[PDB]
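Engineer: Quick one, what's the 3D model for this:
(chains A, B, C, D and E, ligands or ions: 1)
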Amino acid sequence: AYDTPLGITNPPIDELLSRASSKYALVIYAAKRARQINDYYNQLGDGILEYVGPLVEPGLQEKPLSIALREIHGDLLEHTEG
Amino acid sequence: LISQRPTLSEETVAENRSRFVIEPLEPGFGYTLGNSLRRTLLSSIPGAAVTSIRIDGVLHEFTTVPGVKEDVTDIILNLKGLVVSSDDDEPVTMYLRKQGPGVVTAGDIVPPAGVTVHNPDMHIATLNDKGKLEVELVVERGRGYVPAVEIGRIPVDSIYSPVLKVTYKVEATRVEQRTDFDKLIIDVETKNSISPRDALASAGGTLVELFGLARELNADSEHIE
Amino acid sequence: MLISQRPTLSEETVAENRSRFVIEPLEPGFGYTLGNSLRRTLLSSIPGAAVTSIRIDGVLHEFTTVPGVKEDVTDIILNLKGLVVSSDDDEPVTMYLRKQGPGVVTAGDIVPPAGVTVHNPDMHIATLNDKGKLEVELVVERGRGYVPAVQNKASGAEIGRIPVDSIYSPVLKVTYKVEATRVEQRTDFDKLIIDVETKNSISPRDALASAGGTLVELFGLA
Amino acid sequence: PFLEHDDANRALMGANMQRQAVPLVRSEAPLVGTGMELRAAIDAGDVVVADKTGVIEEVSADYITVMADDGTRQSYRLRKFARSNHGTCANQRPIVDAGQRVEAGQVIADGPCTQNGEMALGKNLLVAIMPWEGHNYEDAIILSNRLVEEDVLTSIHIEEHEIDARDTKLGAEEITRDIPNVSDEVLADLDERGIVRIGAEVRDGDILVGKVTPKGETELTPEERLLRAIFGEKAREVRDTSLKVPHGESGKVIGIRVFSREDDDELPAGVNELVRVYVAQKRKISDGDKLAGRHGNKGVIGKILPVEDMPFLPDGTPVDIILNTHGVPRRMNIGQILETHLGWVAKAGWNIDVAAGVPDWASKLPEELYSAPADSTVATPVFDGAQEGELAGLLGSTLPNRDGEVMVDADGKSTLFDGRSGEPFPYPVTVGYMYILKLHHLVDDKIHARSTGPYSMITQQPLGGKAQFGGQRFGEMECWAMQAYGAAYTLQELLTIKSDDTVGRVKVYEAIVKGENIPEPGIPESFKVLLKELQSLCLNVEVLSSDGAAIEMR
Amino acid sequence: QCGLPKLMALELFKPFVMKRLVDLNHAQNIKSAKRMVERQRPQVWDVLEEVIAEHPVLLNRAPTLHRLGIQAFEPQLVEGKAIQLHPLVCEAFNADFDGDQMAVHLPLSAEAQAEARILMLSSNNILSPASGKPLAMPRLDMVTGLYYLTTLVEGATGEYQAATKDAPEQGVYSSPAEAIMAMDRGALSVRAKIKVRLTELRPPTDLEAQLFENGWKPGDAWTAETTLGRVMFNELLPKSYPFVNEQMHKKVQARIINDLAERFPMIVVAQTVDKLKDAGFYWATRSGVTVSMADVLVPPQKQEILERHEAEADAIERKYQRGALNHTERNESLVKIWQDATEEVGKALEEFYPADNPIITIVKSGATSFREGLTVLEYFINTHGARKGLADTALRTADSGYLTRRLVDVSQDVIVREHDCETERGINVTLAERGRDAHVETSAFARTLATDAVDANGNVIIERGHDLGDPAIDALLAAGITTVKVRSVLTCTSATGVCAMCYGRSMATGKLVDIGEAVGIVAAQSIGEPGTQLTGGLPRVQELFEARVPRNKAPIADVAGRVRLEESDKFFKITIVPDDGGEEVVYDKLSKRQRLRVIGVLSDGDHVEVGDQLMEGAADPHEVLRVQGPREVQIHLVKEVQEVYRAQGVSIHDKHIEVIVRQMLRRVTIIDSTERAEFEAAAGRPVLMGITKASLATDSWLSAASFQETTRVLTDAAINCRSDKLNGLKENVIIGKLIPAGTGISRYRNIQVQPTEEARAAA
Ligand SMILES: [Zn+2]
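Structural biologist: Residues are numbered from 1 along each chain as shown, chains lettered A, B, ... in the order given. Provided below are the atomic coordinates:
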């Protein structure tokens, strides 16, 4: 085991890299999803779009980027690379 | 004087392992009482353990015991793990004697009235073919950990205290205006004779009682809430 | 092998401001841990008995001089830091100091109000000459430890007052030593001795009693 | 001291850092010094010297008068809290009394970094040379909170601010109390003229001098005029130009110098009134400040433990600073170790206990250093100083404390008690007294932070406002490191919306306050300026699109 | 984590806290929230720790040499005005604590934060992206602390003793907890040789197999003889890691951290290094390491014996003058005395210093004579040389930064563009020679095999396209294979940049390089950073990367055959008799001051191959190009370049140099009607050119204009009417576009994020 992660180090990058191609794809992967979540808490997505998530049970005041990372860790979303 | 209401929280690591946290302490009470807590839990809780034992067949023989796979040294280390609560205070001599090929597992030792073994599944030794083993072991209550000090009598190290391993660490929390408030973390692994919670109460009770000797000099001083 | 004989705390005396304390006996490896556990408490949470702010009618701030006085205001503040006072207080009570003509102003010249007392009147504050006149009032408060300047922008003190670093610590120097006798010779036990010293604001016994009450109240079991 | 032992590098470093020290409020003389202290101080000119032998007639914090036997009558006005060229307070202290009879060339008053006539650039502190739980790591240092409580390393620092009222293109500046849009509380500490009252405490942003200059055609916004009539506040005529304290600064106001025009005076053409405010600060020795000794050893204050949890001698006497063993082998820095031991010798005195002659090591010694009381000052001139043998001998002789116990052995070590665990440190640790200095590098002056702030005119990049809020430079090399990580977005963010994006940084701040997503970066103004520079050079450049032919910024 | 002054974190997050304390009915409008932060009302602090939570910040210290010079951290509000930096990242930032300052940058957009948490996180960057070795490894106090913790002291207090005639073994203990209790009392010394039983630790691989084979102990008991320290130490390592039982040196800890970095995710390595930090520091204090006079002082025998041997050198000169000189007898004799005294003082000092002396302890662990005092004249002479080192150090930093910029200027556009180009081309590696090579770690480690590794016995070990981990090197060494063919960026056929396979393992990640990696810049930094340690130094390096003719040219064999060495006072003459046998090749002009090449020395009649170097010095790279061809040139340049750095003890993986060298042979000269791709769709010869000339030949004109002399580039560009396609990353930096690397690649930035229909149902 790896004991337990504290804050930013959770979830581990290794368990997250299995969900995407490279560490870079992981970035855009969670980045755009964070933009999606924060739109949901606001009025999203203006015209013709409806925000989705949070798929996982959000923390107390968890940051949307921190939510998109847990969602990717649980395979709750799939992505396609261009 | 009045403090800021430090709390006592406990998180259970295992059945006999739990860590405690006190939050928040004033800088820098974390280390003040911290080291004194570990010292009180470890060497200030009453408990019974084995003092010396004698095994039939070994008087001048140092290395081996015939008819048993475990050597002399390895056999002692097993008995050291024996946890038994004896309220008799004085040295009681229990007897364990099993014959024939088999596994002696403490449950075979007949405890005299007043002593109770708490780990009946403990592996003491393995028995060889058509072999018997009669073991006599002394057990007297004690405190802390007293090292080892008649023909064929072997004094053994005595693990008197139920607490087996204790360690503590300190951190900083409680932002507000001052972010250097202390948080006390203490890690205690206890044997099944008493729970980690009770061990803390005993250690805490003995400390307050011990520090009551300075209080009695004058109960009117200010101290803290 | 529970050799049971409750610990005993007997006082002593070495000087008037400090006196030794011996506690015997208890388990080995307990002296050092218990000794420093009180020391860390003495050197910190012993309540005072300290001066907060002061006001010199002639001056408006801390970086000026007084006609005739030899020490500048900032140097008189550093001399006043050596004041060891004690007060029942419970509220900010102001002291007063008025001196005139040639001579030497000391702590004795300070008139303490009802309920407070100055325990070192022989301390030197400032030296005045013919043209030297010093009128200064001092606000005494009760606390513990060390609190930095109570700037009059956080509080509402106006331009007159000049806050000063306060030091509520009756305890001066503390140490200890252990002499565990017959470590396993027959039966093992240790006994510690503490050397507590105060600033004359209170006695070593009262301080140690205040520290004892602090630790006793602190070790909570629930 | 012990210059012959330190390497030229550290010696050069030591000399440079000696002149980097700051004057302390107390100014304690070095316990172990050389010979130049006395001569260097009086020759610097920052110490008051008596020109003619005689006797003092008056001694006051303001001046000192001496009645020479000749009959002449000389007086000396003392610099009191005079700001130096870089904000260091220079305060002179009288060291003489009324009836004292003083000889010519004697020292009457101590300067800023002097005590009793000799330079005192630092303080004597109790040192322990043991690594302490990683807080004194590499070159970091840990101090006892005593240095803050007892103001031993506290130094005053004075700052000068200035404002001017002159004639301008469309009007003449007028420094007045009345400020356009302000509450009565912000002006509460201003006087009738508009300048901060003496002795007032000023926080970051508070007004020091209220100046007002004419503003041209208002042409205000209607949304503002409506509130004007609603709350009946007449839109004042001219703009606000007040002198506030720079961000991150604070202190008390010492003095104010007002130079007016009605009062003839003499100011540059157009200037009507000229006032300058002097602000002082009492700087406690804070974690982050830079200390150093005379041997080139330097390091910041990594932490400051309470006096309770600090390695203390058997006396209970806590050590002041804990210094790790910086000197790796070959690197050495031997001179530092020597003055540390001598520091303890000079602090506790000594007595060779001569019986049947004197030891062979003291043969080279002159009589005078045989017996010495506690707290005695010593002088070991550079090349001609104490020697190894003589040292160890002095180590042997050490007057005990009260009760007669001994605190240091012949090896200069002692068994210290960890102020936290309470248990002693297993091995004996080297303790002593070393003369350390407080260097001009101070945290209060070097801490900078900026969210938003002023921007330059030519290049729209974040400009360090004269108040403060200067932005950090993301140089070319940092960009390389950013490209190395592949963080394309972080790099773009730095070179655009965080700097040159005229409409970007405003929409980002807007988006942050609302809680919206951060918008896409625009065109950095630097690039737009680049194209203009090219065109001015007659280079017709066109930012061609994939299918849009030519494009322009506009 | 990182310590951030509250005031700094406040002004930094000012917009954030303003919104939060407005969402909370503390302030009613934005303006009310601004003053609430500016005046620092005590109500904001609680709001600040929330906005700061899980919000990463970037730390940087100038100068920035490698990418690790900037890392992300979790901001912790700390009292004071200073920045608290973790003691392990100091190596990376090269940050002293003698007043050093660091900068803080606040990533804003979601992409930026993602890049910080994932790419630039401190704990994710442990290995040096230049040598693969670990940088977060403990150092200084942490080393001596662990060295003292695990050292074994004979005759310790609680030392183990074999069972005597009337007593059993007294050194055995039930569990590690008992030893701890025995340690608290005066019974057990941490550095004793006790033997104890362990249940939750791992035994050595070799020893266990005997005790088990059924399976490694999860809760099984087993007894081995160690020190309590070594036991407490292994508790720090992962539970799955086998026991070590050794006194830990930098290398051992370096050897161990590496070994465990390959077999565990970095989170396990990150936590393991942190635990070593605590232990190292904790025991560094209890180590008893302190300096004093008795620790330094002087070995009195040295000063006495030095005056003894000095007399032998003076009287020898007396004997030399009369007629006993005998030429070289003096020079050798004086050396024998000087070295005999020099060697005699080492013993007189090493044997005089205790084995556990604090100075010696620090030296042995690997964390890292004015004692008598010098007179007036002695100190003057010492200054003459000391000032040259400070001035010489001023020139070391300037040129290294001027070289690193040209390096970056030529290799910045090099990035991985595809997973595999599928070319069989590769380069052979010497790989051991003992019959292990000294430089297999720089050229062989972290490579990919272009061909399988075949043993003479017919057993294939390690298949082509394998990572070639150090275990693979040993497995290869087991079969005794001397050479191995390996993929390289020198042979990669990728139309754009390079491919992952050809490049190989990323030194930072320890895994295969990610597609987006911009390796060119990482290579430039990996080469420019150590330039500060150059003394055969920095000028030699620039001589190589710039393709200038060598300072002192050296000839190469133009053909194969025998050699005729001719001795003439004017010059050395080397004639080569080919094995054709055709026209002889004459190398008449030769300066004797250049010496000969070493095999013994090249003698008369020896055999020479087509690419051998005939005389000592530097061969003209343009010469070896037309002789051996482009591929062998690149092998040569990397050979010489690496030999310079290796001379200074600098570990740079060949791939970094190769990335730079690849960009020199990328163009050909057009003798009759430039890059290679144009010819496939009129004869040209392979060309070798320096980095500066190559960089100026890039397709981007504003990129080349920013490099050197903007006028000529601008004039030539304006006349040619060139058009920049914004292909490189420098261009996008200038105009503010997303660089075509890392998160800027099209395949990465065009990703679509849609939640699986199954997840939306859970809601
Ligand atoms: Zn390839």
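Engineer: middle-most residue in chain D, spatially?
Structural biologist: Most central in chain D under CA atoms, centre = their mean is residue D:442, positioned 3.8 Å from the mean C-alpha point.
Engineer: With adjacent residues omitted, what lies nearest to that residue?
Structural biologist: Counting by CB to CB, 6 or more residues apart in numbering or on different chains, residue D:442 lies nearest to residue D:289, which is 5.6 Å off, once chain neighbours are set aside. For the C-beta atoms, the positions are set from N, CA and C on the backbone; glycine is no exception.
Engineer: Pretty sure residue D:443 is one of the things the one you found touches, is it not?
Structural biologist: Yes - using CB atoms under 8 Å, residue D:289 and residue D:443 qualify as a contacting pair, with a distance of 5.7 Å.
Engineer: Please identify which of those two sits among more neighbours.
Structural biologist: For residue D:289 versus residue D:443, neighbours defined as other CB atoms under 10 Å in any protein chain shown are more numerous around residue D:289 (27 against 19).
Engineer: Roughly how far does that one sit from the ion?
Structural biologist: Look at residue D:289 and the ion: by CB to the ion, to the nearest Å, they are 55 Å apart.
Engineer: Do a quick rundown of the strands in chain B.
Structural biologist: Using DSSP state E, the strands assigned to chain B run over residues B:7-14, B:17-25, B:46-55, B:84-86, B:92-98, B:103-104, B:115-117, B:125-126, B:133-143, B:145-146, B:154-155, B:158-159, B:163-173, B:181-190.
Engineer: Most tightly packed of these?
Structural biologist: Across those, averaging neighbours per residue (mean count of other CB atoms under 10 Å in any protein chain shown) puts strand B:158-159 on top, at a mean of 25.
Engineer: So in that sheet, which strands flank that one, and in what orientation?
Structural biologist: Strand B:158-159 sits in its sheet next to strand B:145-146 (antiparallel), going by DSSP bridges.
Engineer: List, one by one, the residues from chain B near chain E.
Structural biologist: Proximity of chain B to chain E, by CB under 8 Å from any CB of the partner chain, involves residues B:42-43, B:60, B:62-63, B:72-74, B:76-77, B:80-81, B:144-145, B:147-148, B:154, B:157, B:159, B:164-165, B:175-180, B:189.
Engineer: Sort out which of the residues you listed are buried, if you could.
Structural biologist: Neighbour counting with 16 or more other CB atoms under 10 Å in any protein chain shown marks B:42-43, B:62, B:72-74, B:76-77, B:80-81, B:144-145, B:147-148, B:154, B:157, B:159, B:164-165, B:175, B:179, B:189 as buried within the residues of chain B next to chain E.
Engineer: Sort out for me which of the residues you listed are in helices.
Structural biologist: With helices taken from DSSP state H, the overlap with those comprises B:42-43, B:72-74, B:76-77, B:80.
Engineer: Look up the closest residue to residue 27, ignoring the ones flanking it.
Structural biologist: You didn't say which chain, so I picked chain A. When the adjacent residues along the chain are set aside, residue A:27 lies closest to residue E:114, with 4.3 Å between them (CB to CB, 6+ apart).
Engineer: Switch to chain E, please.
Structural biologist: Closest residue to residue E:27 apart from its sequence neighbours, by CB to CB, 6+ apart: residue E:33 at 4.0 Å.
Engineer: how about that neighbour, secondary structure?
Structural biologist: Three states are possible here, and by DSSP: H, G, I helix; E, B strand; the rest coil the one that applies to residue E:33 is helix.
Engineer: try residue E:636
Structural biologist: Here residue E:636 takes the helix state, with states given by three-state DSSP.
Engineer: Could you measure from it over to residue E:563?
Structural biologist: Relative to residue E:563, residue E:636 is positioned 21 Å away (criterion: CB to CB, to the nearest Å).
Engineer: can you check residue D:211 too?
Structural biologist: Here residue D:211 is placed at a distance of 90 Å from residue E:563 (CB to CB).
Engineer: OK, contacts around residue E:92?
Structural biologist: With contacts defined as CB atoms under 8 Å, 6 or more residues apart in numbering or on different chains, the neighbours of residue E:92 are E:66, E:68-69, E:71, E:125, E:135-136.
Engineer: wait, what's in contact with residue D:104?
Structural biologist: Residues touching residue D:104, when contacts are defined by CB under 8 Å, 6+ apart, comprise D:50-53.
Engineer: That should have said residue A:58, apologies.
Structural biologist: If a contact means CB under 8 Å, 6+ apart, then residue A:58 has residue A:67 as its contacts.
Engineer: now residue D:462
Structural biologist: Contact partners of residue D:462, counting by CB under 8 Å, 6+ apart, are D:450, D:453-456, D:470-471, D:498-499.
Engineer: for residue E:705, same thing?
Structural biologist: E:713-714, E:717.
Engineer: try 10 Å this time
Structural biologist: By CB atoms under 10 Å, 6 or more residues apart in numbering or on different chains, the contact set of residue E:705 is D:530, D:534, E:696, E:711-714, E:716-717, E:724, E:734.
Engineer: now, among those, which is nearest to the ion?
Structural biologist: Within those, proximity to the ion (CB to the ion) peaks at residue E:696, which comes in at 26.3 Å.
Engineer: Pull the CA coordinates from stretch D:279-299 and hand them back as PDB.
Structural biologist: In PDB, the C-alpha atoms belonging to stretch D:279-299 read as follows (Å, rounded to 0.1, in the frame of the first residue of the first chain):
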ATOM      1  CA  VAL D 279       8.100  57.300  10.000                       C
ATOM      2  CA  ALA D 280      10.000  55.000  12.400                       C
ATOM      3  CA  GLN D 281       9.700  51.300  13.000                       C
ATOM      4  CA  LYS D 282      10.900  49.100  15.900                       C
ATOM      5  CA  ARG D 283      11.800  45.900  14.100                       C
ATOM      6  CA  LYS D 284      11.900  42.800  16.400                       C
ATOM      7  CA  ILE D 285      14.300  40.100  15.200                       C
ATOM      8  CA  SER D 286      11.900  38.100  13.000                       C
ATOM      9  CA  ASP D 287      12.200  34.700  11.400                       C
ATOM     10  CA  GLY D 288      13.500  35.200   7.900                       C
ATOM     11  CA  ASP D 289      16.000  38.000   8.800                       C
ATOM     12  CA  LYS D 290      19.600  37.400   7.900                       C
ATOM     13  CA  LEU D 291      22.200  37.100  10.700                       C
ATOM     14  CA  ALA D 292      25.900  36.500  10.400                       C
ATOM     15  CA  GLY D 293      29.200  36.500  12.300                       C
ATOM     16  CA  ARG D 294      32.500  38.200  11.600                       C
ATOM     17  CA  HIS D 295      33.900  35.000   9.800                       C
ATOM     18  CA  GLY D 296      31.600  35.200   6.800                       C
ATOM     19  CA  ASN D 297      29.100  32.700   8.300                       C
ATOM     20  CA  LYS D 298      25.600  33.800   7.300                       C
ATOM     21  CA  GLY D 299      22.100  32.400   7.400                       C
END
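Engineer: Okay then, goodbye and thanks.
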